[PDB]
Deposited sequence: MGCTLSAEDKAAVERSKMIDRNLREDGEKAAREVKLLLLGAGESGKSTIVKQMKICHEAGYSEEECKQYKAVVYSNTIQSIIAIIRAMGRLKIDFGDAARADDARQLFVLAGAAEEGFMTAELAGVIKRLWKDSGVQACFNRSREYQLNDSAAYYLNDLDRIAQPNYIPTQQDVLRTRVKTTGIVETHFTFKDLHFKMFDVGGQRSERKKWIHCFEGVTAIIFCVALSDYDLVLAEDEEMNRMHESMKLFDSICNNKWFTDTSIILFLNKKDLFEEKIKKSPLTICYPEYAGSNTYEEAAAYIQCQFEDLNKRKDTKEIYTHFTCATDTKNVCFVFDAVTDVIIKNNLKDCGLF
């Protein structure tokens, strides 16, 4: 079996791969985690530094004037760093800005790491499976991973999903059993990182429409993962799906919006009466899910194949 993990930038592709090693292989060894210790430490800082650079751009102020020394020592250091980062994370000014995160770029896992700060900052800190799932590394190029399942030799190819990487795709097309197209549900109200005047989700719909109907997959199963449902569930509550879809006349319910974004995506499907779209909703950082949905994923291919 040959699967292709296609999607836009930060849609969750790489986080779905990590989940394959956890459901089908023994989930990350204590040293295999320690290897991501530096990346965690790195995501955390970049996360906090992003907020502080954001406040000054949006002209937001702190809550206490003691954030000068903290945010200043934070840039100089670039172990008191922990406390320094801690104090910052609390401050009303910081938090107030963290909400308007949509207006700029912030690591999805930012809240995660900074909330588990004390644990993460302990000398003998050995990152957990989840900590490794949460990490952020821009994928550049093509990463291959082979593994077995219900007897099939799976060869999963995970590529970078960005305007600059989307060209390296054509060579991993011919032999391809099925592909998983990951969509970040929470991208409805954000804009591209390569173009500021491009709704992150419309970009995904352009890509999906392109892949979904590309002739090289007339017989390749198309799986749609509407990833980041957990972040989507927290964002419609304070943001209108109208920002992405002006025609959207339904309610601001995680359930209705989600059943619009879905329909939106599947309607782009040509080869319509001769091809089905297997849509799911996922939370890539939740092993329970990724395997429950993947369990169905393998099953559908077993039917179709």
- What ranges of the deposited sequence, counted from 1, have no C-alpha atoms in this structure? 1-33, 112-120, 348-354
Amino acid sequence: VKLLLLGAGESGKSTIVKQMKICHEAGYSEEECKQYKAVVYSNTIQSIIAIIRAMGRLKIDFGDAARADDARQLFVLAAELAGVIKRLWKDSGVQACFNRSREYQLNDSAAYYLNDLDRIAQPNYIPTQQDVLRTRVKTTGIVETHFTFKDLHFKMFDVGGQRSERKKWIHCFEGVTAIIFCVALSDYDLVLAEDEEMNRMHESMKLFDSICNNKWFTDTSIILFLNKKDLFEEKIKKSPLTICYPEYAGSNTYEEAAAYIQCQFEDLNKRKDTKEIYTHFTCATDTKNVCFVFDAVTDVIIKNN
From here on, numbers count along this sequence of modelled residues.
- Query: Per the entry, where is the mean C-alpha temperature factor higher: 36-44 or 269-277?
  - Reply: 269-277
- Query: When the C-alpha temperature factors are averaged for each of 89-97 and 131-139, which stretch ends up with the higher value in the entry?
  - Reply: 89-97
- Comparing C-alpha B-factors across 112, 232, 225, 173 in this entry, the winner is 173
- Query: Looking at 103, 209, 187, 203, which has the highest Cα B-factor in the entry?
  - Reply: 103
- Query: Of the three thirds of its chain by CA temperature factor, lowest, middle or highest, which one includes residue 182?
  - Reply: lowest
- Query: What third of its chain's C-alpha B-factors does residue 214 belong to: lowest, middle or highest?
  - Reply: middle
- Query: Sorting the chain's CA B-factors, does residue 108 end up in the lowest, middle or highest third?
  - Reply: lowest
- Going by the recorded CA B-factors, say which third of the chain residue 290 sits in, lowest, middle or highest. middle
- State the tercile, meaning the lowest, middle or highest third, of residue 283 with respect to the CA B-factors recorded for its chain. lowest
